[PDB]
Every structure is written in C-alpha cells, then in structure tokens.
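Asks: Dropping a structure here in structure tokens format, bear with me for questions.
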4 protein chains.
Amino acid sequence: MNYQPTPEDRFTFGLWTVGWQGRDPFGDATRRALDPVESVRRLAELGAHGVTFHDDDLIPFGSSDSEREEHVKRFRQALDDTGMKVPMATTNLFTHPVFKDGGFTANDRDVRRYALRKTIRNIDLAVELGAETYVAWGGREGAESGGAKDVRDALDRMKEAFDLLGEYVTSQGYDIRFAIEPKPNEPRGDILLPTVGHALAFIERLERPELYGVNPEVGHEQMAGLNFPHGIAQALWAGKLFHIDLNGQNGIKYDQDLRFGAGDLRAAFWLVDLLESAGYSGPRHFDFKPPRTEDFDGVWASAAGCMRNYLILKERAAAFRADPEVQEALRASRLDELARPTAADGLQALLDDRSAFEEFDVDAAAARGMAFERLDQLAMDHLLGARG
Amino acid sequence: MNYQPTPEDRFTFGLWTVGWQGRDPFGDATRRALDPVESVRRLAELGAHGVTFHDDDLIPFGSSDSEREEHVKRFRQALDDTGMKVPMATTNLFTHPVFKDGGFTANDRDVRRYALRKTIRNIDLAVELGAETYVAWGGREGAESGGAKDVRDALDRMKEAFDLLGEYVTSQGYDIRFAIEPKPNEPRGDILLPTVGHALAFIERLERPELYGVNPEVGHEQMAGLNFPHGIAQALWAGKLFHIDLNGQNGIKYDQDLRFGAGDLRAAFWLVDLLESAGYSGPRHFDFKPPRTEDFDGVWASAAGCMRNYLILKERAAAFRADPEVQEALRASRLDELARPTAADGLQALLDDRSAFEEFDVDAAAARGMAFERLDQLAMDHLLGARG
Amino acid sequence: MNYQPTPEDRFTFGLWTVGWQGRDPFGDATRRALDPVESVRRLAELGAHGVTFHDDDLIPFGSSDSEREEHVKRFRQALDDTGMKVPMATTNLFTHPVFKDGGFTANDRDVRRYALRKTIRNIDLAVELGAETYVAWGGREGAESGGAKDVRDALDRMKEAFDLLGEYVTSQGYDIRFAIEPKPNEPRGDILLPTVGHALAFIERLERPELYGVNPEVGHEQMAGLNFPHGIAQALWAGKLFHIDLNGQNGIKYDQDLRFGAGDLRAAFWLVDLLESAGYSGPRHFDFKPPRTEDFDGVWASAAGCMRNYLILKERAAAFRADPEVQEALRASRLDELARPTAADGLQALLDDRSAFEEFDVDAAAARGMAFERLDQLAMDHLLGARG
Amino acid sequence: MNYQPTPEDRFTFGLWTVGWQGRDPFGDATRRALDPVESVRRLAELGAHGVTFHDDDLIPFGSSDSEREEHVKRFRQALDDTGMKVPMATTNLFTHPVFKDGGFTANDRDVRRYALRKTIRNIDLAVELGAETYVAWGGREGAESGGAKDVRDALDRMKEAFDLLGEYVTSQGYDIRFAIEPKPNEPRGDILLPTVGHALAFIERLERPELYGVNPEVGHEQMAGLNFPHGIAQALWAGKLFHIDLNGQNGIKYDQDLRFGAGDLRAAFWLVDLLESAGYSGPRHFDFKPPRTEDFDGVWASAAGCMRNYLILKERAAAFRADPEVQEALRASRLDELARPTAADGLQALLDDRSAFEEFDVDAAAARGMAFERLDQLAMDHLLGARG
Ligand SMILES: [Mn+2]
Ligand SMILES: [Mn+2]
Ligand SMILES: [Mn+2]
Ligand SMILES: [Mn+2]
Ligand SMILES: [Mn+2]
Ligand SMILES: [Mn+2]
Ligand SMILES: [Mn+2]
Ligand SMILES: [Mn+2]
C-alpha cells in the first residue's frame, strides 16, 4: 500500500542477523556463511539505511594486520557502492571460550584487561567507519551458581571497565557514545544488568554518565515478562535511549530473535506509537535471526518483513493518534489530566486544600469509569484496519 | 538446634500478613479478622522484634478522629506491653476503588492529590510510632492496555509526588526515609517501576535522591524470573537497600507470598549469605500470607517458620563462608581476583601493556577451568548439612 | 465493516464475566452487583446467543427452595423475553471456604461427598435449562506444598468423582456431556490437571471416556507459556473439544481474563483460523472480566469487543486461506505433503526402500528452504489488512 | 556421610552429558571431545551403573560399516571392562540440518521416511547392547509460526511414525519399549507434545499403547512452570513412567540442564520422595550439561554431584516419611482421608445420604484448618537436617 522502505526510514541490520548460519545448541548450520559485502548489497536492495557489526563479524578473530586491512577495505567499498551507513558497532565479548566467565567481569583479571583492549581496538574502527554509537552487550557477565560471582565486586569491575572506556573516548576526542544492552539470562543463568532499569541505574554511578545510555531489545525485556514500551518510555524519560534493537519474542523462553512484528504484535504497535510520538531519531535497528528453516530467499524475505511491519504499524499508530474519535476517547479517559501537574500550586497549598482530603468525595471519584476498554478497542480497530 | 528467634534478630511482620483473612479473587475469607493488639501479642510470643502497618490496617478507612485516637492508643499499649517496635509504615493506595487507576499516577488529578494527602497524614503517624522507614508500593500504578497510561507522563507525576513527600519530611525535620517497592505486575497488567533496577534508576531523578531507597520483595523480583540476590547486590552496591521484604515464590505466576524459605530455597540461602556478609542492619521483614487452608494455629506456625528458616540459612551460610575448604575453592575459582581492580595502573598503562593484548595467551586462559561446580557442591553440602 | 454479531454467531458469556464486581485480592469492588436478568437483556442487545452460569451465580448460596424457584423463574423469563440460550452450566466448587483444599479432591472426605451432591443438584438444573455441556473447573484441586497432597491419591479421588457423575447422567438418561477445564495454577500454587494434555490423558482413564472432553481457556494455557492453538489442535485431533473459553492473557502471570483479542493477538488469529477450518460447532464462549477500571458502559463495550474481535479475525483468517497467493505459499512450504501419509506402502516397503536411507540425498533435502517466513508475512499482511 | 554412589543405585548418564563440549548458540566449544570409552571408564569410577546414547554420539554421522563396527566394538569393550550397562538408547533426529523442520513430522515426506529408517537402525543396535527402553525426543517437531505446521496433520504423522515403530519391534520380537520425551519449546518456538500430559494423551491414540510411556525431564516441565513431582505422579498413576531424566532448572528460561539438585531444590526433594515411595524401579538417568565454565575435573565433579544430591535427598525424604511426628502431622492434615474412597457405598447411597448435603455442616468443615504449614515446616526441617 505498499509499505516500501527506503534509506530515509533509517532501518539498520546487524551483519550477524541475516548472516546467522542457523547453529543452535541442538543443531548444526543450515546456511553457508555470507560475505559482509553481499549482505551490504542485498540489504541495500531491500531499502535498508545501514548495517552494524561486532569486530569478529567483520574481521575473523585472529586475523593479521594485512588480512584486517583487506576485510575493512572490501567492506568500505561495498558501503560506498550502495550508500549504506554504519551507525553502530560493538565488540564480541561472548563467543570465544576465553570469555566463558565474562569479559569486563570475568573472575580472571587478565581476561578483563584483554576484553578492554579488544573493545578499545574496535572503538577506533567504529569511529573510522562513522559510527555514532558503540553498544556493549555483556552476555557472559553473570553466573549459573551463587558462589561463582560476587555481584557487588562484579559491578565494581563493570564500572571500572566502562569508566576506562569513557576516559579513552574523551582522551581521543571521539564523539561516539555508549549504549549498554541489558538481557536477563541466556547464555548465562542470570546476566548482570538484566533489564533496562538495572542498566539505567548502573549508568548513574559511572564517572561520566552523559556518555552512556541503553540499547534495549524487544525480546530481552520480554524474556523477563516485562512491558517493552513501558521500559522504552522510562529510558526516554531519562534521556537515555541511545539505540534500540527491534525483533519479536513469544514471552518467557530462550531468545527467539524473530523478525520484528512477530511475537507480541500489540506490543510492537505500542512501541512504534511511542517511538514516533516521542520523535526518537536514532536508527531502527533489527537484531533478529531468520529461522534456520529458511534458505537465503527466506533470509531476505524475513529482513524485508522487519521493515514492512514497522511501516504498517507506523501508519496505524499515526492514524490512531490523529483520529478525532480517539482524541475524544483519550480525553474521556483523562489522558490529558495525567499530563498536568498534580500540585503546581505547591506543597503548602496542597496541605491547605480541603478539596484534596476532608471535602474530597471519594465515592464520586471512585464511581467514574476510566473508559479504557472503549479506547483500547479503538486502538485494536486501528491496528487491524477495521474502522468505519 | 534450636533456631529460636529473639527480638535481637530484628524480625518484623506486617499486620496484614498474619492478619490476612484468606480472600483471594476466587475465594471468600477463611479466617476471622485479627485485632492488631492480638497480632502484636502473638508475634512477640514467637520472638518477633516488631510490626509494620498500612494506615488502613491500623485505622479502618473512614474512621472519625475519636475512633482513630482509640485504635492508635490500643495499639501503642500492646507495643508497650510487649516491647515490640514499629520500624516501618506505609499507605494503602490500592484497596479502595478510588485508587482503581492509581494513587500518585491516577489519570484523575483529584485522586493524585488525595493520595498525597492520605500518605502525608500517615507519615505523621509513622513518625509518632518511631518508624525509620516509610514504604511506598504503587500497586495500582500501571495499566492493562497501551493507550490508558502514557508512561512518561506517569513518571512525571510519580516524580512530582515523591518530590512533594521529600519536601514535606524535610519541612517537618523528620528523619524518616522512603523505600520504593517495585513489582512487575498484579494487580495491574503491568506496574510502573517493575523491578529493583527501574526503581533505583527513577530515584536518581528525584530532587533529593538521598531520601529514597528501595524495598525489594523476594517474590516480586522472582515474578519477573530475576535473581533476587543479584538485585539485592545491586541495591547494596548503590547504597539503597533501605528495607527488605522476605517471602517465598515459585517462579512466574501470581504473587504467592509463601513463608520465607518456601519457594526458591537456594535463592533464600544466597540471599541470607549476602545480607549477612554485607552487614545489612535493617529489619528482616516478612511480607507473606499464611495460606488460606490454615486456621490460626497454622498462621502462627507459618510466621514462626519464616524466622526459623532465616536462622537455619544464616547458620549454613556462615559455616560455608568460614570453612577452609570453601575458602580454598573460592580462591581456586578466582573470587579473590574478581575483587581486585582491573587496571589500577590506569588507562595508559593498560594500553601499553602487551600482556593485555599482543602477548596475551588467549588459549591458555580459555583452558583454565573455573571450578564453579565443586564450589557450588560445597555450597549445597553446607545448605543440606551433608559435610564431612 | 461492520463486524456486527448476531445470535447466529453462537457467542456466549458467563454471568460471572460481565457481572464481575471488580474484587481482586488487593482491591474492593468497583461495580455494583448485576441482576442476571439485566445481564441477559444487555447481552442480547449486543447480539449474544446465550449465557452460562455457576450454580451460585444464579441462586445465592444458602437459598431456600422458594428463593431458588423464584431466581430460576426470573432468569427463565429473561431468556424467553430475549431468545437467549443456556448452552453450558457449571458448579462453583471454589469460592466458599469449605472448598479451601478442594471439592472433588479435598483431603476431607465429607467435603468431597458434599462437592458431588452440590454438582449433581446443578446438573439437574442445567438439563432443565437446556444445557448440552457441563463444565468442571477444579480451581481448588492442588496444593501450595508438597506434603499436603498426594497426587496419585488425588487423581484416584478425581476419577471416582467424575465416574460417579457419569453414572448419574447415564442413570437419568440425560444427554449432557462433561468438559474438564485445565488451569496450571491460581488460586492454588499448582492445580491438578494443569493443561489440556493432562486433562485429555486423565479422561482416558475414566470408566466412560466418551462422556468427557475438555473446556480449554486461552489464558490458562498461556499461563504455562503454551501455544493455545496447538493445544486446541490436539483436543480436536482427539475428538474432545466439547467447549472453549475465549479471552486474552499477556503471558506468564496471574490470570488476566482480558477481552478476547487482547493479549496475544496473533495467537487469537491462529485460534480463530483453526476453529473455523475445523468446523468447530460449539459455542464461542467468553470467560473474561471487564477490567475493574470500567463502569457499566465499559463492561458492555468490553463484551462487545470480544465478539467484534472474533468476527474481524474470522474475516482475516478466511481471506488468508482463500488467497491464491497463500495457497501457493502453503504448497511451497509443503503443508500439502505434511497431510500425506508417511508410509501408506507399509513397514516392509519402507524398510526395502533405498530412497529412504542408502540413496537418500540428505544434503539436497537439507538445502531446501521451508519458505515459512514468506508464508508468515502473508499471514501478517492478511491479519493487518495490508495486502495488495 | 558419605552419600557414595555404587552401581546398585542405578544411576545412568548420557554420553552427550559429560561429553558436552560447551557450544551454545552464543559460544564456541570450551572442552575437547571425549572418547565414549573414556566417559564409560570415568563414570564407572564415580559409581555410575550405566550410560545411554544417541546413535550419533556413539557412531559419527556418515560412518562406513567398518567404522561403525569398530566404534561399537570399542564401546562394548569399555562396558565389559567396567561392568557398565546400557539401559536406554535414542536417535538424534535434531542436529543434522535435514531435520530443521522435524524428523517424524517434517513437512517433507522424504525426511519423515528417512527419520524412521534412522531410528529403526538404532533400535536394532540398542537391542544388541541390552537396552530396555528406547527414548524419542522430538525436539524439531513444531514451529516458529502458525501457518508452517498444521498440528492435526502433524499429530497424524507422529502417530503413523510411532505405530510403524511398534509394528517393527513387534515383528522382530524385541522386548524394548518406547518412552516419549515432552518439551515445551527450544529449539522450536513451540514443540509438539509439550508436556507430560500431552504425551500421555497422545499415547492413548496409538495402535499398541502398551508399548509406549513417557520419559519426563525435570527441566522440561519446569520450562512451562509446571510442578514436576505432580506430573511424575500423573505418569505413575497412568502406569507410564518408563524412564526419567534428572537435572536442574531455574524456572522459565532456556533449558539449563544444570546438575540434579541444582535449580529447584525443594522440587528435587519432593521428586525423590515420590520415586522412592512409589518404588520406581527404572534407572535414575541424568540428562545434564556440566557448565561450559568447567574443565574436565569440573565435568566429573558435576556428574558426581548429580548422584550425591539424589542420595542426600533420598536419605532426607525417607527420614521425613519415617518420623512419627511427621506421620502424626500427615494424619492431622487428613492425608489418610485423601487415600480413602469418596463413595465406596455407591452413587445411590451418596444421593440418599443427608450428611452429604442437607445436614452437612459446611461452616464446621470450613473452620477446620488443614495444618499444612506445620507439615511443610517438618518437611523443610528434614530436608535441611534441622530436626530435634
Ligand atoms: Mn535477543
Ligand atoms: Mn541485541
Ligand atoms: Mn508479594
Ligand atoms: Mn511487600
Ligand atoms: Mn482465566
Ligand atoms: Mn474459564
Ligand atoms: Mn533439557
Ligand atoms: Mn532429556
């Protein structure tokens, strides 16, 4: 209708998304490896704006300097050939067995130091490629057992690491900012900074908090049964939504990484409504895995579907908010009053206001319906294109 | 052996715990109401240190001033008769139908103002009774549907409310501090500030953050599938564990409020280990419900079991930490190294250290086992009293 | 468009749905009680086909015979006035404190006998009102602790109870059949027969299995994180879908009882697709609760929304299945081949078929993509009305 | 004390347990491959009774006949050298990419036929090695999307497959029986036969149901939030507990496969209590993964811990059941009455018994406490070795 993405829509994809070969813990690869150059070309043809990478997605672990230079050269040529951007990069601190107990919070100090050096090397590369955001997903930070990890000590180590990275970027005069990606579990039994809230709270204890925000992922918050739009709202309220990862998840299970729109469809609607109403200006990044049932045609169909679903939901959310009948229902439900200060008159005036206590008619207020069901059915009708 | 509590152990109980009449949404009351005086006497006989209350537990909603005075007088006499303390109090902003859409974040502004006045009245009472901590559980703050609640606006209202309460306590010269209690859901479909992390993050945006901490509850974090000891560790790391609620929960379901030790027993062990190792000095408060299957004899047995289980776990955790074989296993697993700074030498030294990158033997480090399973089996053996 | 229900659509509602007064465990009632006569009239005006009841919804517990007769007379007049039917009835074996440890599986034998007599009395009433199905939801059958309930003994008692009920209906020559409603938890910590599968398995051990089927509820299976359409498919496969309860649930939490279509919208789509493709001919019954935020206008809006959402989804699922492009995608994904016997040639022929083992080209088969993502995006486009 | 296993305890392990190399979806191997001969020797030294295998654990996929013969010969020599048994075997119908959409319920018919031939070949081997039980875990049977898999058709295919296998074993005169292993999800978004109940129900529709039972796994049922002891009780009630897999899981997340005793410790206690009270005579099989943090010393420690924890729990459960104070508490809680028939007098006598209805004192019965909390605290005290 026809919901066709173009680079102006700012849709981005990780190399590791469309490039996922399909290995799962009970299963071998179902697809051959993709050359990053091919991924860049195919994503551009679909209307993507850019790509993102872990160090080890772009440059095989253990590469020589000559190999590294050539991998980067080929990638840059593909970006130049297509007009694709690289808005974000990140470090792989989870695949190699050296990181089995963590990177920044490994019990082994030598591993912690190595993790920092590996990250710093890739920050330099990210800046060279034009990235504005550097993500950190501490997927190995955590434990399967209680004695293995003293979390206060681990948080001290995690703060030290992020503070050193902030010192580094400041010393180099780089404009790049960090986005910490929470996840509750998987691959560790419990992961440190398990939700958006825990990550937001941790950032406030860093030496230079302004350099750090969050990179929430739809499926990660949903793995804790949380409301992803609500958590995004809190991140926006805090001024900390530096990046976002979009995908689908069906509740509380392993991280499915379904295409965006799959999983909890209504949550996807309310997320798009929020991002668009708030004027979020960052990339709409997809961190998803085309299911291992698919061949490459299915990989590109799944990637296209991520963007299509965002655009359909954008249309429906805008129509919802613009509909005079919805605007009336929002007033009927007192969403306008929610946005007004409780006591701009000040504390003493509130204390002196008999209408707030002695003369408050509690039963009359209690009897007033909220009209939320009518409002929500208008929302459903807009999502489904069942208005009239 | 025999794990007998005394007031020196600082165990406290809400009036609403042992006083729960057994109504659930599919069920009528199974027990008669308890007079608070009787609860104070019976808890003291069990070795409790004190009790806590919502306003409406102590003074029936809608009471006259003469009725209020008499309810408080009788309660104070029972406290004096027994030596019981009142370390914490809180407001009921959830039972009355006026609070069906919230107290502090109700869409209706008049309800928000009333909620604040109801709280302020009870802060005065709490201070009169000697409470150090004032808990706020915003159980009605949230939504069942996406359009009903704009979370950025609701967080603005929530901040306004807590800021006004901080202004109030400061204006009165009170020493009392606030503890915000997160919960992910129930009774609302999703509750605002759903976890310890979200609450910690929110506090940092208040005008006087030093006045506010968290009151985490075992079962609430477990309703999001989170690791309660880990979340307590983050609260301790932040200096924000102002109070704690102890109970049991079996995973992801309705809030069960089982007695402490029930539900996730190993998590209970690691929690006690953490509180005791950290020297937490606040009350060990039980927010639990004796199951509705029980008569009053079972109510008091369940309350006694809360304290007994804490004391057993305290003994076992202390024995674990003191055992030279465990101390050796902790070193074998590099818990000592986790507690050492990563780079006290500083950023430039780390950047110049070839042992951290070019000359780091990644394969040798990767080959070193963590020895976590042996450590955890020593922990299991200590918990079960199966050492030798 | 405009998705208007009429009695021919066979939509039914429990009296306890629209009549829910809004009490939750942390909250008092937000709505006055509804007279069943009023509910019948209001539901008929919305286009409902009928209503269902627990004994105690229609006749207050403890009523005299004269009171009982009058309650039933008034209800029958309302049914006659409106043309509403009563296709299903059930017993309340959960609200009264006598049932705190169960009805049919109470540890107390006298309670088990009473539960059976209470049920039998209401079976007679159900038959008088024309009900074809008698539901049993054993919400109190289960435990909070391991020693409280020996499940083998409880299953013996549960079988005895259902066998006695089958003997009763057979002895009276009644045509009514039973539908057992599974639920995993709430109000008990764990409920016996927690899923559709457990209930199906139990039925096979009854003396007269043909008299018993299941009454699955959307939200109950989703409280165990299960796929409700899949479970319905297994019940249909077994010939045991005797009734169904439709509502919404957001994953793993307390039973929300949201209106149908809310909660997991895509699961609602696939459910409707399955019921309609299978030709399920039973009532489309809504077991839901208008949120306690609502006044009566919101109650009726929420009930109307249940039916509206079913009808929208019915339209979209039919359009999906009828679309030649979808029919082609289904063949591309080998749904046709799934429906063909694996080895109609028989075991010996399979054993002798070299194409099934020695000469099977495993790599060629593995390379063939399933094309499931394209199929699922066609399904999404149909659900959202985004085709063209 | 010291909880030392010996072969008489009938503890068994899969080759794939201790042999797990540590690959997870975000991580490469952390341990070298183990020769099955070495695993047999090391497990025997720990006091194991036997081992189990998938075809592809023992014989690399794609092996020639000469290679196959030699792999089996070496394995048999190790079994003979140690006295280890092989009580169970199974087929790998999940790792190879050909099985990406299933084995027995693959949409591709040629894959379904191949899956059956692969299984049949391994049934022959299992019988040669003396296995009594043949497990089937359909880990790839299921879907990520609704259109991909018609579950009624898939259940038809699954029944055909199991019926053909039953025809095969009967035709060969083998004594081996099948055990179907349910799992709710992972690696598929939803797996067919997701719980013990669904598997039990499916078996009743097979042509020769007596040949089939279940192989429940602790962590699988817990991935649906279900009570594993309750599900085992239902399997025992049905006469269908043909095998069992023991491990640990912390609730609703990816399948952790922790050592037995880890995860939900109290559920482990009640499971052991049930198996021992019921006289279950099958192997106590561990399907677990030593965490990838561990070296080989940690692998063997984790395996030893599985057995140790079973033996500790066995001791504590026996002591609980034998304690006269517990026996009294069980009577106080009416567990004796739960085990008595409800109405051995028959239906007519129940209908004629005024004590069951008109003269039943509902309030007196309701007032009687169940005494479950005292019983459960005795259970806790026994588990923790805190009696006296
Ligand atoms: Mn993910
Ligand atoms: Mn991500
Ligand atoms: Mn709670
Ligand atoms: Mn609490
Ligand atoms: Mn329900
Ligand atoms: Mn229902
Ligand atoms: Mn498993
Ligand atoms: Mn298994």
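Heads up, residue numbers simply count up from 1 along the chain you see.
Looking at the header, which is where the method is noted, we find X-ray crystallography, 0.9 Å.
Just so it is clear, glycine is given a Cβ too, placed from its N, Cα and C backbone atoms.
Swiss-Prot lists these features:
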{"type": "ACT_SITE", "residues": "C:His54", "note": "active site"}
{"type": "ACT_SITE", "residues": "C:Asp57", "note": "active site"}
{"type": "BINDING", "residues": "C:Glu181, C:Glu217, C:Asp245, C:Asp287", "note": "Mg(2+) 1 binding site"}
{"type": "BINDING", "residues": "C:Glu217, C:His220, C:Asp255, C:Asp257", "note": "Mg(2+) 2 binding site"}
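Let's see these features in context: how buried, what's close, how far.
Replies: Counting every protein chain shown, 20 other Cβ atoms lie within 10 Å of the Cβ of C:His54 (active site).
Remark: C:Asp57 (active site) has C:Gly14, C:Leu15, C:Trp16, C:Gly19, C:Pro36, C:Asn92 as non-local neighbours, by Cβ distance under 8 Å and separation of at least 6 in sequence.
With a cut-off of 8 Å between CB atoms and residues at least 6 apart in sequence, the same chain places C:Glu181, C:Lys183, C:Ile244, C:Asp245, C:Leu246, C:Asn247, C:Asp287 near C:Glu217 (Mg(2+) 1 binding site), listed in sequence order.
Non-local contacts of C:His220 (Mg(2+) 2 binding site) by the CB criterion (under 8 A, 6+ apart in sequence, same chain) comprise C:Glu181, C:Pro182, C:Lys183, C:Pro184, C:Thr195, C:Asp245, C:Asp255. Under the DSSP three-state reduction, C:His220 (Mg(2+) 2 binding site) is assigned to helix.
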Asks: Cα-Cα separation of C:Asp257 (Mg(2+) 2 binding site) and C:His54 (active site), in Å?
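Replies: Rounded to the nearest whole number, the Cα-Cα distance is 17 Å.
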Asks: Sort C:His54 (active site) into helix, strand or coil using the DSSP assignment.
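Replies: Going by the DSSP assignment, C:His54 (active site) falls within a strand, counted as strand.
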Asks: By the DSSP assignment reduced to helix, strand and coil, which category contains C:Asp245 (Mg(2+) 1 binding site)?
Replies: strand
Asks: What are the other residues, in sequence order, whose C-beta lies within 8 angstroms of the center of the C-beta atoms of C:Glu217, C:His220, C:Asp255, C:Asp257 at the Mg(2+) 2 site?
Replies: C:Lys183, C:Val218, C:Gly219, C:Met223, C:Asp245, C:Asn247, C:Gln249, C:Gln256, C:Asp287
Asks: From the recorded positions listed here (C:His54, C:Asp57, C:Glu181, C:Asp245), select those whose CB sits under 6 A from an atom of ligand 5.
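Replies: Cβ under 6 Å from ligand 5: none.
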Asks: Out of C:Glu217, C:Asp255, C:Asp257, which binding-site residues lie by ligand 6, with a C-beta less than 6 Å from some atom of it?
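Replies: Near the molecule: C:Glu217.
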